[PDB]
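Worksheet: the structure to be examined is printed underneath.
In PDB author numbering, the protein residues as written are 1 to 55.
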């Protein structure tokens, strides 16, 4: 949902060269994609690429 994009926000700044450098967050989050926190990297990555389509 739109809320899932918020998790990509913090992972968006860690994104570089079109890559998601998702760091280890001391506070674990529960993803809805079926992953634990790690989803931010698997979700934000696909969410950070969508912005590249605007190019």
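Think of the CB as a built atom: it goes at the ideal place given N, C-alpha and C, for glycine as much as any other residue.
Q. Looking only at DSSP bridge pairs, what is residue 30 linked to?
A. Looking at the DSSP assignment, residue 30 forms a beta bridge with 36.
Q: Within 10 angstroms of the Cβ of residue 27, are there 16 or more other Cβ atoms? Answer buried if so, exposed if not.
A: exposed
Q) Got a sec, what are the start and stop residues for the alpha helix (DSSP H) residue 8 sits in? A) 2-13
Q) How big is the Cα-Cα spacing for residue 36 and residue 7? A) 12 Å
Q | Check whether residue 16 and residue 29 have beta carbons under 8 Å apart | A | no
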